[PDB]
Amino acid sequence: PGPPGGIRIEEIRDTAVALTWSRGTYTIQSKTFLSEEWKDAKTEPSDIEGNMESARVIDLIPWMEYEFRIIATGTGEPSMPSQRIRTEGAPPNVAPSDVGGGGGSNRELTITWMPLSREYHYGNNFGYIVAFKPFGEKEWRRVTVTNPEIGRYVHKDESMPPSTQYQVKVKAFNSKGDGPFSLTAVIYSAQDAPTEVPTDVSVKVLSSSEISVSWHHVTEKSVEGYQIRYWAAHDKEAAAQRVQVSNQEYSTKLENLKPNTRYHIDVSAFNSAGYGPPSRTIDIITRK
């Protein structure tokens, strides 16, 4: 039949809205950002006679934006959408997924989780509360994160020993209340960066474009490799080139250097928490 006329919004709850409309020369569909497609909607009454100009759409998502249109019968053109409305909010009903963490620089405890999509926000002023305690303790430390779009918190505590075992978890929340906590993950705090320096560093000019850099290994168990910085005289130190080798290398050959050119050379130790102090700078000239 004909497309039903305009739509009037009668009531808005968190999971349902009441509707009334004008006659068309019924069935209801809804729409959100989830799809440009319209979804057939459930109602009260479950079935709508042509007799009635009103109905109530149900099982809507809290704090979601909705449009609605009406269809008459047989199976004529759908109506123009109603004005876009937003359902009332409720406490979030899903916990954050993919919870873990680890690493970071000295004295950090980095905690991570997958952020809930807008779809799950369920209310105004959405956020996350992060909870964590040293393994086997009584009390949790809570911190609030007002960033619905970030899945990371970094806790800083100078007292924290390196690789301290921790119990951690995350829940969502909005102005209406708290969502369910996530699974409890076991993460370790950041390890300390190496503090010692590569000793006995030497550089052997091999050619017009190559030098060999050698050094003595440090003894810290945590060290994972060594970084060799090299920059020329006419360069800023912070614009240096770099090479990284495993902790099982005592030397490395640097290629593609410019001929007859003064080069500064560096060696430092590193692990997952960053770089230790570099060796005293050694200068050389490449061959002509």
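Residues carry their position along the shown sequence, with the first being 1.
In the deposited sequence, the stretch from residue 25 to residue 26 hides 4 to 9 residues that have no coordinates. Deposited sequence between residue 73 and residue 74: 1 to 3 residues lack coordinates.
In this entry, the higher average B-factor at the C-alpha atoms falls on 217-225, of the pair 217-225 and 253-261. Relative to one another, 51-59 and 228-236 have unequal mean CA B-factors, and 51-59 is the one with the higher figure. Of the residues listed, 169, 86, 176, 141, the entry assigns the biggest Cα temperature factor to 141. Out of 159, 209, 93, 202, the entry records its largest CA B-factor for 159. Sort the modelled residues of the chain by CA B factor and residue 272 lands in the middle third. In the deposited entry, the Cα temperature factor of residue 34 sits in the top third of values across the chain's modelled residues. In this PDB entry, the Cα temperature factor of residue 121 sits in the bottom third of its chain's modelled residues, the lowest group. Per-chain ranking of the deposited C-alpha B factor places residue 182 in the lowest third. Sorting the modelled residues of the chain by their CA temperature factor places residue 244 in the lowest third.
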